[PDB]
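As C-alpha cells, the structure follows; a few thoughts come after it.
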2 protein chains.
Amino acid sequence: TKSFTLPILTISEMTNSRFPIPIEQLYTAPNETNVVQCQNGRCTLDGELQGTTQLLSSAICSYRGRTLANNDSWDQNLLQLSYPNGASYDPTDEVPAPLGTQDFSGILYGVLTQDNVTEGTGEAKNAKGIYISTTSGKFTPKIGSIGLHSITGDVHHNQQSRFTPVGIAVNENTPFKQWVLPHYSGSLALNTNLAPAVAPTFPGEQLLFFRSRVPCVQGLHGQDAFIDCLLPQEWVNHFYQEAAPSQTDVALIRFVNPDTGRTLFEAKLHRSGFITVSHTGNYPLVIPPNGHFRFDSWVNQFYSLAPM
Amino acid sequence: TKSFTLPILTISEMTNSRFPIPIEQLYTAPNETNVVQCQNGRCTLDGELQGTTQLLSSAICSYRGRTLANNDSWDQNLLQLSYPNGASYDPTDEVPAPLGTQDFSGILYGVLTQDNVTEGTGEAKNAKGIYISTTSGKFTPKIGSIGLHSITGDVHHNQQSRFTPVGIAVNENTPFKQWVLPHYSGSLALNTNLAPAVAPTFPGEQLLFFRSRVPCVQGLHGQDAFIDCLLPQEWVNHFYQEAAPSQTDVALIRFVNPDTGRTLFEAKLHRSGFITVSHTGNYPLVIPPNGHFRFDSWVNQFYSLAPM
C-alpha cells in the first residue's frame, strides 16, 4: 500500500484549478443556496480525474479550432473546437465537455489569435478581444462548437484559431455565477458525465476553498470577482501521479508552520476531493506565507475537528 | 539516499517553462551563435531554482503592480512591479529580475486589467492591449518597473493592475530573439544573478529542447514563432519537491514507447538541469504521442550516447 501524501507547496505556490491564475487566499464559506458542482479541479484522493479536469493549467478555459462566420449580432463567428493535435472533437467521449471547458455561467473574456499577419498590417492585428458567453445559444462545447463575440479586431473566417483566457465579464444582463454550471449542449440536451456536487454534512463544518481574484473586464465595480476551487491544480496532478489508495473516506490534514511543525488548524480532506473545516461564517483565513498542509491520518466522516 | 525520479508525463502533458503554453515538440539543434542562457525553467536536478524561475506556469511572463503615466510616445505608462505573488519587490534581492520576468528579447503582447469598471462603461473596457518591449529604455524590471505601450484601451494612472501574457509581436525594428537575454536593468547596469549559459561539451552532442509555438499578434507572416525551454515546468516543480541528491553530474534517461517498450532515444540529463542527445543538425523529433521519459541510472562524464 503506497502512502498518501500532499505536496509541500505554500498557497502562493499553487494554481487555481478552475482558471489559470495563482491561488491568493484560503477562504471558507457556507454553501448557502449554491450547488457546489464545479467540473474543473475535480480529482479523487486516489488519482481519478473527474468532470472536465485535465492536468495543464494552460488548458483551462483555453479553446482552439477553426472559425466559421455566423449571421448573428452577438456571435459573429463560431469556433469549431479541435483537440490540441488538430483533430475534430468527439462528442461521444464520456465527459461533460472538452477537458478544460469553462465550468461557470456568464461571460469569459480572452484573446483570439489566428493566421500570422505581415508587420505592415499593424500593431496586434492578429489579436481579437472575444466574449464567450454561456447564455448564448451557440455555447455548445459538448457538441463541438462555441460562439465568439468580437469586441476588438476582425475575426477571420475559416482560420485555425487559439483562444487565450484573460478573465470574466459582467454586462447589463449576464451576471457571473461561478456555481451555476453551463449547459454544455445548450438547450439540445442535458449535461452528462458530471462530477458530483459537494457539501459539508457534519454540523459546524464548511467547505474550505482555494480562492483567487479573477480579472473582470466589465462590471463588478468596486468589488473583486472570485473563482473558488476545491483543489489546487498541483494537488490534482499530485494525486494523479501517486494514485495512493484511500484507506477511509476522510483524510485528516493539518496546516502547519514548517519550521516548527506546530499545527495552526486541522481540516478534513474527503476522498472525492474537497476540504471542510470547523468554522461558522464567511472567513478569509489569516495564515503565514510559509504554511502548508500535511497529511496526518485516515479518519471517519464524522471526526470532530478542532474549531478554527 | 533518496532516489531521483521523473514524473510520468507525455509531452502534451507538459508546460513550457518560458511561456505559459503546452509543449508541442522535442527539438535539437547546434548552438551555433546563440548563447543559451534562458532564466526561466532553470532548476538543478536536486531541486535548486535558478535565474528568475518560480513554480507557477501562470506567473511566467505575467506582471502586476501599479501603473503610472509616462510622457513618452511609446511607453505611455510604466508598471511599478511587485513579485508575481504580490510580495513587495526588493531590488536588492539576489535575483536577475522579479521571478517570472520574460527572458527573451523583443515584444511581449498581453492584456492589462485594472480597477473594475461599471457595466455602462462598455464591453471589455477594463482590458487594455499592451506591448512590453525589452528594447525600450523603460524595460528595467530589476530596478522595479517596465514600460507599457498601449494599443487598445485607456490605461489609467496609479491603479493596481495585472498583465496577462498572450503572445509575442514583431514590428519593423524589433525582431523576436528568444536567446538574447533582456537587459533587466537597461543600460544603467549589467545583468546579475544569472543562471549560467549551457552548451554541449561531449563530441557529437547537442542540446535537446522542449518546444512550443507562441502566438504572434504582429509579423512573422507565414512563419512560426518558437519558444524553446531546457526543462518543462513540471520537471522544475518535481525536482524542487523531491530534492533528491544528485549521485553524479549526469543522469541517463531514455524516451520510451510504453506499449512496445522500445527506447526511441537515450539522453543525458545534466545535474545543472538540461538535456543533451547525440545528433548533428537541426532536427524536430518524430515520436509517438504516448512516449515518455524514464530515468535509468547515474552515469559518468564520458558516457557515449547511442546516436539518434
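In the C-alpha cells, the first chain shown is A, the next is B, and so on; residue numbers restart at 1 for each chain, and ligands run from 1 in the order shown.
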
Handout entry: All strand (DSSP E) residues (DSSP, backbone) inside range 35-153 of chain A, as number ranges by chain
Key = A: 63-69, 77-81, 107-113, 128-133, 145-152

Exercise for the section: Considering only C-alpha atoms, return as a PyMOL selection string whatever protein or nucleic-acid residues lie within 8 Å of residue 273 in chain A, sequence-local ones (same chain, fewer than 3 positions apart) excluded. Expected result: chain A and resi 42-45+230-231+269-270

Handout entry: After fitting chain B to chain A over every Cα pair taken in order, the RMSD
Key =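 Across the paired C-alpha atoms, the RMSD reaches 0.8 Å.
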
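Contacts from chain B to chain A at a cut-off of 6 Å (only C-alpha atoms) map to residues 21, 58, 116, 117, 118, 119, 124, 126, 127, 171, 217, 218, 219 and 221 of chain B.
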
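When only C-alpha atoms are used to compute distances to residue 73 in chain A, the closest of the residues A:289, A:182, A:86, A:147 turns out to be A:147.
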
Give me, as a CSV table (one decimal) with C-alpha atoms, in the first residue's frame, all polymer residues having an atom no more than 9 Å from residue 191 in chain A, counting only C-alpha atoms and skipping those fewer than 4 positions away in the same chain.
```
chain,number,residue,atom,x,y,z
A,96,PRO,CA,-19.4,16.8,-19.9
A,97,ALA,CA,-17.4,18.8,-22.5
A,142,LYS,CA,-20.1,19.2,-25.8
A,182,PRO,CA,-23.1,25.9,-18.1
A,183,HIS,CA,-25.4,23.9,-20.4
A,184,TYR,CA,-22.6,22.1,-22.3
A,185,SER,CA,-25.0,21.1,-25.1
A,186,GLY,CA,-27.2,24.2,-24.9
```

Practice task
Identify, on the basis of only C-alpha atoms, every residue whose closest approach to residue 251 in chain A does not exceed 12 Å; exclude the query and any residue fewer than 6 positions from it along the same chain; express the result as a PyMOL selection string.
Solution key: chain A and resi 3-6+44-46+245+266-276+293-303+305
